[PDB]
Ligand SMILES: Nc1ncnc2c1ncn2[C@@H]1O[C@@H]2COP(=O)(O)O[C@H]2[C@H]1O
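In the form deposited without ligand CMP, a lone chain appears below as structure tokens.
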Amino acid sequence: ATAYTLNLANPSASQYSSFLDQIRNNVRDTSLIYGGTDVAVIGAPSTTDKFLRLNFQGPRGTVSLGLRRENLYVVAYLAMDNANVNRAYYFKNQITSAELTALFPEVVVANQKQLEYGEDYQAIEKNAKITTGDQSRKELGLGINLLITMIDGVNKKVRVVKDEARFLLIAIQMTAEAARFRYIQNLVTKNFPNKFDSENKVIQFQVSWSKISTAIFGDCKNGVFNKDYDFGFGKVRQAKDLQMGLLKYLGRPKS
């Protein structure tokens, strides 16, 4: 599969932004214009190019994440164990053994292992064993330095579910969610490269991806919604106020 790399040995705000735009440009169909806006839209499903590889390159090793091109959902990750041997962990309802070999060719078939829990946030959060606040992903925070610390929990280490789950929660939000929402991208660059607090607004955006994409696709004219909408953080009438980065595929515009 095609692969893009994020250098965490010498990080910079400009490089992080370029990384996110490479993801957006790879999966979008430039001929799709939703609600008269200039926001990128994911193209229709394909069988000739199903996955995308993202490499987190560090001074002491590289950890990789695999995503599905049709919706940016997570399918698997790659990391060396305590014996320095490469291993792959995957969600079975998302990818097959042969496809996994093409995605991560440095991992032999015998070292491919199925994950014992679902890829929905609720299931991953339970295994993360967070003990303060509402115990959800929000309590961990966000940021480049945080991604670096969480990667250390899986790079060249014996697998521990608690640490694996915490790594996945931050890796998914710093790639897929940041690609979908410029509000999240902007928080990361403003605070670069530090760890910082998350917000209720961040979570409200994430749970509303389908609803937001649907409103722009069928109830918006030249960037203006036909009625008021509230996704949790306030009333909105102009699509631009949502600062979207990538919309969900819902078909081609009518008329």
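Note that residue numbering follows the sequence shown and begins at 1.
We do not show the form solved in complex with ligand CMP, though everything after this point is about it.
For ligand CMP, fitted onto this chain by superposing the C-alphas round its site in the bound PDB entry, the count of atoms within 2.4 Å of backbone or C-beta atoms is zero, giving an open pocket. The chain is drawn here without ligand CMP; in the bound PDB entry, the stretch among 142-150, 156-164, 176-184, 126-134 whose residues come within 4.5 Å of it by any heavy atom is 176-184. Not one of 4, 10 and 57 is positioned with any heavy atom within 4.5 Å of ligand CMP in the bound PDB entry. A heavy atom within 4.5 Å of ligand CMP in the bound PDB entry is found for exactly one of 107, 172, 80, 115: 172. Distance criterion of 4.5 Å from any heavy atom to ligand CMP in the bound PDB entry singles out 208 from the list 64, 37, 198, 208. Taking the partner from elsewhere, residue 121 is found to have a heavy atom lying within 4.5 Å of ligand CMP in the bound PDB entry.
Contact annotation: residue 95 falls outside 4.5 Å of ligand CMP in the bound PDB entry, judged by heavy atom distances. None of the heavy atoms of residue 103 is located within 4.5 Å of ligand CMP in the bound PDB entry. Residues of 44-74 placing a heavy atom within 4.5 Å of ligand CMP in the bound PDB entry, in sequence order: 72, 73, 74.
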